[PDB]
């Protein structure tokens, strides 16, 4: 559904943002958090969404769509507007409806959110998950409108599969290239580049890593090879940040530094 419609999609026409526009909006939150802490937080909630999705036995495309909604929401809004801890499972819930998976039950959604944060994220959350289904349904009305109802999201998994099929190296490269596609969600790449470009960048790094010579195949593509090199740099940078970051030891402090919602007049 809406497969080759990328150049005429809401995703391309409205949700491929300008990097300077993105950084400018981020400045509201860069008062409370450094650029490094903001990235580390964006990696953290990417990992929370992934763990939530695993718990609910949801497909990768549902998780990837959930991550994009989350990224999109905090690209325009501050971390204080809505609690990301309520926002992340809200994104999962809506992404499953959009992706025709189903409506996760009240009990099952709240219990997955509770169990995931308790078992896997206790280093960052000492307290139990505090939200109820009324909070998730409320947050959903907000997320829906503050995305201009843009629900159809294109990911790089679909072009990547076509690329490695063309190459004929599906067995050798797809497991690694697919993995690198998952990692690009720890970064803003989905908000800056078309999915097929992130797919080419992920396939390129996979080719380097496994020492497969694909120079000719890549030269035979009618693509802006500078844009691909920009994406590759972000992917390489991500791995150095991965090495130098211990979320388990730094995330409780990074979550405390984060701005919090102003309460109603009392």
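The term rigid core refers to the most C-alpha atoms you can superpose between the two forms while keeping them within 1.5 Å. Positions refer to the first chain, counted from 1.
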> Looking at C-alpha RMS in 8 other deposited structures of this protein with the core superposed, is it 103 to 111 or 90 to 98 that drifts more?
Replying inline: 103 to 111
> Which of the two stretches, 221 to 229 or 52 to 60, shows the higher mean Cα temperature factor in the record?
Replying inline: 221 to 229
>> Test of understanding: from the entry's C-alpha B-factors, which stretch has the higher mean, 86 to 94 or 116 to 124?
In response: 116 to 124
> Highest Cα B-factor in the PDB entry belongs to which of 66, 214, 200, 43?
Replying inline: 214
> If you rank every modelled residue in this chain by C-alpha B factor, which third holds residue 39: lowest, middle or highest?
Replying inline: middle
>> Splitting the chain's C-alpha B-factors into thirds, which one does residue 254 fall into?
In response: lowest
>> Ranking every modelled residue in this chain by its Cα temperature factor as given in the entry, which third contains residue 174?
In response: highest
> Sorting the chain's CA B-factors, does residue 131 end up in the lowest, middle or highest third?
Replying inline: middle
> residue 101: which third of its chain by C-alpha temperature factor?
Replying inline: highest
